[PDB]
Amino acid sequence: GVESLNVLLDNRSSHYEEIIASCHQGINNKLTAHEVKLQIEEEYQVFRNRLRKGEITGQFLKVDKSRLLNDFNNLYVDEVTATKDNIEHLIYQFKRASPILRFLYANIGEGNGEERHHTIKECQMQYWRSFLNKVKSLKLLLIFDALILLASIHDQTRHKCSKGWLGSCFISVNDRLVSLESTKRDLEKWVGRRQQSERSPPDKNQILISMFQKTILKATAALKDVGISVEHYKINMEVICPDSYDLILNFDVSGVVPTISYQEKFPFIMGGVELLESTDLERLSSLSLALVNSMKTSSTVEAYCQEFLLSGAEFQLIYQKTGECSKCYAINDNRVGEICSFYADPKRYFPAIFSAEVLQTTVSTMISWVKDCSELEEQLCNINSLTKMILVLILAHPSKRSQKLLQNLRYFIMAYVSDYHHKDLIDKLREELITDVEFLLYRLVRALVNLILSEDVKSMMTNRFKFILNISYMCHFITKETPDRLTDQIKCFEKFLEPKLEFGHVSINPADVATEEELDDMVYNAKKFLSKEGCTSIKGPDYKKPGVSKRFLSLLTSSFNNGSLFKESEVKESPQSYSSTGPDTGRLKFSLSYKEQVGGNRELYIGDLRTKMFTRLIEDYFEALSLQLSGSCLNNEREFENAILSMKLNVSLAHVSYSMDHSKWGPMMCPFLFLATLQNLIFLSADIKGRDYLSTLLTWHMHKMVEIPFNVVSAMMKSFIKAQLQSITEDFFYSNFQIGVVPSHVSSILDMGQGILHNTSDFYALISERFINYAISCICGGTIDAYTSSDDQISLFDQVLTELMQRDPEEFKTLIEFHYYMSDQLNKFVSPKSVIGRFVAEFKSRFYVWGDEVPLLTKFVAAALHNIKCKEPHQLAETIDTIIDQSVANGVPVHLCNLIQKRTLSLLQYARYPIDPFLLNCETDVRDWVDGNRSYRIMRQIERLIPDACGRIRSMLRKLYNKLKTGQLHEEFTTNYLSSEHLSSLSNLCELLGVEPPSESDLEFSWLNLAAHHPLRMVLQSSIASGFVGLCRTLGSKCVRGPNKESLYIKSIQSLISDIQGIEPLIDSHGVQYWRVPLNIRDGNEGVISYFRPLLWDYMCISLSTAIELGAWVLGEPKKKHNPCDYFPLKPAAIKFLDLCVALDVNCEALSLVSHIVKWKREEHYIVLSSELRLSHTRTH
Ligand SMILES: [Mg+2]
Ligand SMILES: [Zn+2]
């Protein structure tokens, strides 16, 4: 489609020629392989001589550990008036630093007696509440309030229980907090007025009962329509008394009133609970569940309350506003009100709801790493306290500044174990802290760092490196959503506009028909961009300024044309006219947005369909050109494996390594650079017409327009109209408003699309790094390798430079300086987070050392925790299965993954959904992830459920597999078995061979399968909490499609099942349900036995499909100080059968064995702990 341009006209004026002239002005791309070394050596001599004097700065320092520690200590020394805290003071003032932290450690409910045993029995008030809440969801509210009050009175006058009141108020129906006396007066007035109306014989003590009977009759009539009975609710009709009006009109309750404080009052002790136990994570889970449930309340078109029980006592959480936004919460108790009041956010509190044994196991497995040390065995009780405190603090107060504070520790711990580092590093690990909890977090982190990385500890460096590198990945535990949306759109525009005001080129309104001023400005700025000088001048190099010099561009193009950079094997509606500024129907337009990240943020450009069509041509061209060469890893797949092998070898040999990053990659490149580079290359010497079309496309990209967001302009206009009757981004809008017209679009020469022109940037990086390495090898006597991903890079040195680093340090530092300068001379800026060393190597967030391996445990656990959505409950299981399968292959133990699976099953059980044996298997081991797949795990679960019935089936399957692998019967089977009855076929199938048929007592095992006629309805999120709320709301409305055409409930089906005294349920330990259904009642009732499916049929089918996919070992019979750092690499077990596979697929609506090969990808190689490969099962042939 690239050549399609030839169908258009050609209206190119004398503007398209000046750009080519400027890009061809003073560049010499015909030099020879002998005249470049002289220039390189002259530059090196001048630079070295000028640097030895003192007229150029060094930008690099040698690593000294004492200076690094003493600079990390007093990093915030203006507010923290201390130098060395004691751990006892920290543990003391940790449990008293907030209301939420005071509540998690107080001595609440000091006496738990029979009033704590009564909280398991269900009174009548809650039954009536549930019934009326159900009825309401299909004058009025007064009757419901009166019924609730009557139920409460009848519950109190029997066994003296008071659970549903708060002083004088009482939660009645919609979490409301209606008063008491007001209802009495309302009922009095209502009954009086009704009697005065009906008068012109009865009493006020019978009209109420009449209305009660009418209302309950209408309700029970409307509720029996859908199919739900009344026995499910277990309500007692005796709550209504013949004397009910004068029973209500005399009640008397007294207590303590609640309140909310919108601005030493704590009524409990402060430091009861310890830290070694697990008493606070459960309280946190309960409080978080209440805070998330507080988003269900309806708009009502006041006071709302939620309830939770910790240790048999009952607490209430009250609020005064509905919706999903920040509000003020208060915690109350029926003994004394107003325990505390805070200002939390309803979201951001998901990751700790049912996960209290996973976090304890995470801490316990992280601490066992540094346990063999001898310099740490005395103070091994403080590390536990500090780790647990950091975790709990991160979970209780989710902030955006703590995330960056914890993320910045990775670069410190990386620079601590290196040889050289950038001098401007400490100024980067400094973020603005505001509140009083972030300073406490910093002090805890500092105490732990100074405790672990001491000076008299020199035993095991790799374990401590792993430990410290794992405390910095605890920021993934918070969130990646945004606190406020109107501020990030301001920060994004600030980032967009800041670097374009220093260069001095900004166009306000292009008008889509450019004037002469814009063309002259473009020409002038294109000439200014190519006028950078350095190292042969008066001043010298001006670091961190956009531009390229003609000398190095000439050298690069000449060296590419010679053939010095190649390897050994590398040398073998439709518009009609177009100008140099765009098509006839307008220039290219883009819009701005941002993207969510852990840490900062990242811009995003969005275009319409025509520009998306036009950009793909350049993208494909440059991707093909980059594939022709070798060295890039952005889209290739063998290059990444080669890079990993080279990194492993380099680290094993103890050579030098250089891990780099480049800053401001996006907003510093430009399409003019790519144009000027492309115009000076000779490829093979029709194609020149392709080069012309490419130049035209890049010229179109050079004149694009970006649209300013609307909220920012509105905010600026309001701020101006307010302050009139302050930054560089403010004076722009101010001086534009002061003279009328307002800004809407922006155009300039100094920005490429972030995430748009990736592949051309990768190509440019490839060739530039090749040239730089060539020059460096030319000067000295050593060589270098390189691998790029368009903003990341690793460099592996050789033996010569490794020895030169220790024999002549000054020449090594001078070579590093020359590399930095020569790289800056080509529009590439090395970041202050790059390192040179011999202990570790890093590339694409992958770390490699010698003697151990570095798994990122906390990252995977955090990624697995909050990963749920509002989908069908049979697709979330596959997502969790895939995540856990990917995480086991890196070094996470399986006993920590079984707990995550149990957590997911508990999340599903809370929403009142039945659990079938086709969801998860929380009893696996190593061999179920290395050798088998999902189908093998489900087979193992079914074999665990019902043994003594899977042996004969396995023998029949073995004989059938032996008979089918030769071709004796391939059609006698797949035509009158897979399309017949399920139960009356297996008998004759096993009779056909010489095996005992399955017994009549094994064919009753069945399982319940909703969506047996049509898939259940889900659509009728912007956050995970809203996803969980919507999931809990959807399962419970209809979510069922009946046989002909209708909608049902999940409770009606279970009621109908209970209406038959011939079926049995059976539940396992984890909570898996399977039924026993006989074969005589199976007939006669055809309306509700339409949902059950037999088990042995699905078992046979799935087992045969797995035996066809994997080997023939799955049909056999099953049979059944170690330090935490001992790893071993493992590899998995690796037409005419595809028709049989597709046949066996559609006959079982349980799994999708063929989808796993189209959507998902396998794992290449595993690494596992050697202590878990001992305990395992083995299946032979
Ligand atoms: Mg890197
Ligand atoms: Zn009771």
# chains A, B, ... in the order shown; residues from 1 in each chain; ligands from 1
>>> select_by_dssp(residues="segment 51-264 of chain A", states="strand (DSSP E or B)", output="ChimeraX atom specification")
/A:60-62,165-166,169-170
>>> residues_around(residues="residue 1041 of chain A", least_positions_apart="2", cutoff="6 Å", atoms="only C-alpha atoms", output="PDB file with C-alpha atoms, in the first residue's frame")
ATOM      1  CA  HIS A1014     -27.493 -20.575  27.145  1.00  0.00           C
ATOM      2  CA  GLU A1046     -37.088 -16.701  30.444  1.00  0.00           C
ATOM      3  CA  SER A1047     -34.887 -15.586  33.333  1.00  0.00           C
TER       4      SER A1047
END
>>> residues_around(residues="residue 846 of chain A", least_positions_apart="2", cutoff="10 Å", atoms="only C-alpha atoms", output="PDB file with N, CA, C and O atoms, in the first residue's frame")
ATOM      1  N   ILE A 644      20.707 -13.192  27.072  1.00  0.00           N
ATOM      2  CA  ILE A 644      20.723 -13.819  28.389  1.00  0.00           C
ATOM      3  C   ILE A 644      21.913 -14.763  28.521  1.00  0.00           C
ATOM      4  O   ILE A 644      22.574 -14.805  29.567  1.00  0.00           O
ATOM      5  N   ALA A 841      24.538  -7.893  36.684  1.00  0.00           N
ATOM      6  CA  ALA A 841      24.166  -7.390  35.370  1.00  0.00           C
ATOM      7  C   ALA A 841      22.650  -7.322  35.283  1.00  0.00           C
ATOM      8  O   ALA A 841      21.955  -8.172  35.842  1.00  0.00           O
ATOM      9  N   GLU A 842      22.139  -6.315  34.582  1.00  0.00           N
ATOM     10  CA  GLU A 842      20.702  -6.111  34.491  1.00  0.00           C
ATOM     11  C   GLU A 842      20.328  -5.629  33.100  1.00  0.00           C
ATOM     12  O   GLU A 842      21.014  -4.784  32.520  1.00  0.00           O
ATOM     13  N   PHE A 843      19.231  -6.170  32.576  1.00  0.00           N
ATOM     14  CA  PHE A 843      18.728  -5.790  31.258  1.00  0.00           C
ATOM     15  C   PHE A 843      17.265  -6.187  31.184  1.00  0.00           C
ATOM     16  O   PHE A 843      16.940  -7.364  31.361  1.00  0.00           O
ATOM     17  N   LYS A 844      16.388  -5.212  30.939  1.00  0.00           N
ATOM     18  CA  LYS A 844      14.946  -5.444  30.842  1.00  0.00           C
ATOM     19  C   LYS A 844      14.379  -6.012  32.142  1.00  0.00           C
ATOM     20  O   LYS A 844      13.570  -6.941  32.132  1.00  0.00           O
ATOM     21  N   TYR A 848      21.134 -10.868  37.189  1.00  0.00           N
ATOM     22  CA  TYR A 848      21.924 -12.091  37.135  1.00  0.00           C
ATOM     23  C   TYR A 848      23.192 -11.925  37.953  1.00  0.00           C
ATOM     24  O   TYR A 848      23.926 -10.951  37.773  1.00  0.00           O
ATOM     25  N   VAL A 854      18.040 -14.502  41.356  1.00  0.00           N
ATOM     26  CA  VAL A 854      17.287 -13.420  41.987  1.00  0.00           C
ATOM     27  C   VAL A 854      15.826 -13.458  41.556  1.00  0.00           C
ATOM     28  O   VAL A 854      15.468 -12.860  40.532  1.00  0.00           O
ATOM     29  N   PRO A 855      14.949 -14.136  42.298  1.00  0.00           N
ATOM     30  CA  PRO A 855      13.516 -14.083  41.993  1.00  0.00           C
ATOM     31  C   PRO A 855      12.826 -12.917  42.684  1.00  0.00           C
ATOM     32  O   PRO A 855      13.123 -12.569  43.828  1.00  0.00           O
ATOM     33  N   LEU A 856      11.883 -12.305  41.967  1.00  0.00           N
ATOM     34  CA  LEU A 856      11.125 -11.166  42.480  1.00  0.00           C
ATOM     35  C   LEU A 856       9.790 -11.676  43.021  1.00  0.00           C
ATOM     36  O   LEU A 856       8.756 -11.633  42.359  1.00  0.00           O
TER      37      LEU A 856
END
>>> residues_near_ligand(ligand="ligand 1", cutoff="12 Å", atoms="only C-alpha atoms and all ligand atoms", output="ChimeraX atom specification")
/A:411,414,657-663,787-795,830-836,841-847
>>> select_by_dssp(residues="segment 641-865 of chain A", states="alpha helix (DSSP H)", output="number ranges by chain")
A: 641-653, 671-678, 687-702, 710-724, 728-737, 758-779, 799-807, 809-824, 857-865
>>> residues_near_ligand(ligand="ligand 2", cutoff="10 Å", atoms="only C-alpha atoms and all ligand atoms", output="ChimeraX atom specification")
/A:115,118-125,152,155-163
>>> closest_residue(among="A:953, A:295, A:926, A:68", to="residue 1169 of chain A", atoms="only C-alpha atoms")
A:926
>>> residues_around(residues="segment 138-142 of chain A", least_positions_apart="2", cutoff="9 Å", atoms="only C-alpha atoms", output="list in words")
residues 134, 135, 136, 144, 145, 146, 147, 173, 183, 186 and 187 of chain A
>>> atom_distance(atom1="atom CA of residue 174 of chain A", atom2="atom CA of residue 248 of chain A")
21.3 Å
>>> residues_around(residues="residue 71 of chain A", least_positions_apart="3", cutoff="12 Å", atoms="only C-alpha atoms", output="ChimeraX atom specification")
/A:64-68,74-77,83,412,416,425-427,429-430,446
>>> residues_around(residues="residue 901 of chain A", least_positions_apart="2", cutoff="8 Å", atoms="only C-alpha atoms", output="list in words")
residues 880, 897, 898, 899, 903, 904, 905, 920, 921 and 922 of chain A
>>> write_last_selection(atoms="N, CA and C atoms", output="mmCIF file, in the first residue's frame")
data_model
loop_
_atom_site.group_PDB
_atom_site.id
_atom_site.type_symbol
_atom_site.label_atom_id
_atom_site.label_comp_id
_atom_site.auth_asym_id
_atom_site.auth_seq_id
_atom_site.Cartn_x
_atom_site.Cartn_y
_atom_site.Cartn_z
ATOM 1 N N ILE A 880 -6.057 -16.770 36.726
ATOM 2 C CA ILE A 880 -5.280 -17.043 37.932
ATOM 3 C C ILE A 880 -4.352 -18.234 37.715
ATOM 4 N N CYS A 897 1.459 -20.667 46.696
ATOM 5 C CA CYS A 897 0.496 -20.533 45.610
ATOM 6 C C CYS A 897 -0.818 -21.242 45.906
ATOM 7 N N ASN A 898 -0.763 -22.361 46.634
ATOM 8 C CA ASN A 898 -1.994 -22.991 47.099
ATOM 9 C C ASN A 898 -2.817 -22.021 47.940
ATOM 10 N N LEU A 899 -2.144 -21.168 48.716
ATOM 11 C CA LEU A 899 -2.847 -20.192 49.542
ATOM 12 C C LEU A 899 -3.533 -19.131 48.689
ATOM 13 N N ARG A 903 -7.466 -18.313 48.479
ATOM 14 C CA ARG A 903 -7.992 -16.955 48.602
ATOM 15 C C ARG A 903 -8.986 -16.643 47.490
ATOM 16 N N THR A 904 -8.661 -17.031 46.255
ATOM 17 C CA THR A 904 -9.595 -16.809 45.152
ATOM 18 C C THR A 904 -10.887 -17.597 45.357
ATOM 19 N N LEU A 905 -10.776 -18.845 45.818
ATOM 20 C CA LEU A 905 -11.979 -19.630 46.079
ATOM 21 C C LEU A 905 -12.829 -19.012 47.183
ATOM 22 N N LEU A 920 -10.510 -24.984 40.215
ATOM 23 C CA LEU A 920 -9.137 -24.906 40.696
ATOM 24 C C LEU A 920 -8.810 -26.163 41.489
ATOM 25 N N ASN A 921 -7.515 -26.368 41.723
ATOM 26 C CA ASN A 921 -7.006 -27.539 42.437
ATOM 27 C C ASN A 921 -5.956 -27.060 43.435
ATOM 28 N N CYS A 922 -6.365 -26.834 44.680
ATOM 29 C CA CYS A 922 -5.451 -26.303 45.693
ATOM 30 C C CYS A 922 -4.785 -27.410 46.502
#
>>> residues_around(residues="segment 303-311 of chain A", least_positions_apart="2", cutoff="8 Å", atoms="only C-alpha atoms", output="ChimeraX atom specification")
/A:109,112,116,171,175-177,283,286-287,290,294,313-321
>>> write_last_selection(atoms="C-alpha atoms", output="PDB file, in the first residue's frame")
ATOM      1  CA  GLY A 109     -13.347  -6.450  73.781  1.00  0.00           C
ATOM      2  CA  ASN A 112     -15.464 -12.314  75.590  1.00  0.00           C
ATOM      3  CA  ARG A 116     -19.730 -13.572  72.264  1.00  0.00           C
ATOM      4  CA  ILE A 171     -30.515   0.193  61.316  1.00  0.00           C
ATOM      5  CA  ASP A 175     -28.573   0.666  55.939  1.00  0.00           C
ATOM      6  CA  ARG A 176     -30.519   3.705  57.162  1.00  0.00           C
ATOM      7  CA  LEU A 177     -30.359   5.045  60.721  1.00  0.00           C
ATOM      8  CA  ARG A 283      -8.769  -6.723  61.686  1.00  0.00           C
ATOM      9  CA  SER A 286     -12.509  -6.894  58.105  1.00  0.00           C
ATOM     10  CA  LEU A 287     -12.173  -3.103  58.037  1.00  0.00           C
ATOM     11  CA  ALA A 290     -16.490  -2.908  55.252  1.00  0.00           C
ATOM     12  CA  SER A 294     -19.728   0.990  51.732  1.00  0.00           C
ATOM     13  CA  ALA A 313     -17.953  -8.116  69.579  1.00  0.00           C
ATOM     14  CA  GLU A 314     -19.857  -5.982  67.077  1.00  0.00           C
ATOM     15  CA  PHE A 315     -18.716  -2.635  65.667  1.00  0.00           C
ATOM     16  CA  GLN A 316     -20.439  -0.224  63.292  1.00  0.00           C
ATOM     17  CA  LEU A 317     -18.894   1.995  60.611  1.00  0.00           C
ATOM     18  CA  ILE A 318     -21.023   5.057  59.877  1.00  0.00           C
ATOM     19  CA  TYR A 319     -20.844   7.580  57.048  1.00  0.00           C
ATOM     20  CA  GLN A 320     -22.992  10.415  55.728  1.00  0.00           C
ATOM     21  CA  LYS A 321     -22.656  10.448  51.926  1.00  0.00           C
TER      22      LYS A 321
END
>>> closest_residue(among="A:950, A:240, A:939, A:815", to="residue 60 of chain A", atoms="only C-alpha atoms")
A:815
>>> atom_distance(atom1="atom CA of residue 1109 of chain A", atom2="atom CA of residue 982 of chain A")
23.2 Å
>>> closest_residue(among="A:250, A:1054, A:45, A:1061", to="residue 914 of chain A", atoms="only C-alpha atoms")
A:1054
>>> closest_residue(among="A:733, A:768, A:388, A:917", to="residue 718 of chain A", atoms="only C-alpha atoms")
A:733
>>> atom_distance(atom1="atom CA of residue 682 of chain A", atom2="atom CA of residue 561 of chain A")
6.3 Å
>>> closest_atom_pairs(of="segment 38-135 of chain A", to="segment 434-445 of chain A", cutoff="9 Å", atoms="only C-alpha atoms", output="CSV")
residue,atom,partner,partner_atom,distance
A:79,CA,A:439,CA,8.8
A:80,CA,A:439,CA,7.6
A:85,CA,A:443,CA,8.1
A:87,CA,A:444,CA,8.9
A:90,CA,A:444,CA,7.8
A:94,CA,A:440,CA,8.2
A:97,CA,A:437,CA,7.5
A:98,CA,A:437,CA,8.5
>>> decode(residues="segment 1047-1068 of chain A", atoms="N, CA and C atoms", output="CSV table (one decimal), in the first residue's frame")
chain,number,residue,atom,x,y,z
A,1047,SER,N,-36.0,-15.9,32.4
A,1047,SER,CA,-34.9,-15.6,33.3
A,1047,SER,C,-35.2,-16.1,34.7
A,1048,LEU,N,-34.3,-16.7,35.4
A,1048,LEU,CA,-34.5,-17.4,36.7
A,1048,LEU,C,-33.5,-16.9,37.7
A,1049,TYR,N,-33.5,-17.5,38.9
A,1049,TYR,CA,-32.6,-17.2,40.0
A,1049,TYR,C,-31.8,-18.4,40.3
A,1050,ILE,N,-30.7,-18.2,41.1
A,1050,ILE,CA,-29.9,-19.3,41.6
A,1050,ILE,C,-30.5,-20.0,42.8
A,1051,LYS,N,-31.4,-19.3,43.5
A,1051,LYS,CA,-32.0,-19.9,44.7
A,1051,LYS,C,-33.2,-20.7,44.3
A,1052,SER,N,-33.9,-20.4,43.2
A,1052,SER,CA,-35.1,-21.2,42.8
A,1052,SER,C,-34.7,-22.6,42.4
A,1053,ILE,N,-33.5,-22.7,41.7
A,1053,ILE,CA,-33.0,-24.0,41.3
A,1053,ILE,C,-32.7,-24.9,42.5
A,1054,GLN,N,-32.0,-24.3,43.5
A,1054,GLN,CA,-31.6,-25.1,44.7
A,1054,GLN,C,-32.9,-25.4,45.5
A,1055,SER,N,-33.9,-24.5,45.5
A,1055,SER,CA,-35.1,-24.9,46.2
A,1055,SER,C,-35.8,-26.1,45.5
A,1056,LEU,N,-35.9,-26.0,44.2
A,1056,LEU,CA,-36.5,-27.1,43.4
A,1056,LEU,C,-35.7,-28.4,43.7
A,1057,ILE,N,-34.4,-28.3,43.7
A,1057,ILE,CA,-33.6,-29.5,44.0
A,1057,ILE,C,-33.9,-30.1,45.4
A,1058,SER,N,-34.1,-29.2,46.4
A,1058,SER,CA,-34.4,-29.6,47.8
A,1058,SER,C,-35.8,-30.1,47.8
A,1059,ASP,N,-36.7,-29.8,46.9
A,1059,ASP,CA,-38.1,-30.3,46.8
A,1059,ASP,C,-38.1,-31.8,46.4
A,1060,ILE,N,-37.0,-32.5,46.2
A,1060,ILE,CA,-37.0,-33.9,45.9
A,1060,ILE,C,-36.1,-34.7,46.9
A,1061,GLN,N,-36.7,-35.7,47.5
A,1061,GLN,CA,-36.0,-36.4,48.5
A,1061,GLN,C,-35.4,-37.7,48.0
A,1062,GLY,N,-34.5,-37.5,46.9
A,1062,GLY,CA,-33.8,-38.6,46.3
A,1062,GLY,C,-32.4,-38.3,45.9
A,1063,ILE,N,-32.0,-37.1,46.1
A,1063,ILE,CA,-30.7,-36.6,45.6
A,1063,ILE,C,-29.9,-36.2,46.8
A,1064,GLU,N,-28.6,-36.5,46.8
A,1064,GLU,CA,-27.7,-36.1,47.9
A,1064,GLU,C,-26.6,-35.2,47.5
A,1065,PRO,N,-26.3,-34.2,48.3
A,1065,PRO,CA,-25.1,-33.4,48.1
A,1065,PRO,C,-23.9,-34.0,48.9
A,1066,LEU,N,-22.7,-33.6,48.4
A,1066,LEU,CA,-21.5,-34.1,49.1
A,1066,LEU,C,-20.4,-33.0,48.9
A,1067,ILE,N,-19.8,-32.6,50.0
A,1067,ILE,CA,-18.8,-31.5,50.0
A,1067,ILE,C,-17.5,-32.0,50.6
A,1068,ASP,N,-16.4,-31.6,50.0
A,1068,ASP,CA,-15.1,-32.0,50.4
A,1068,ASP,C,-14.6,-31.0,51.4
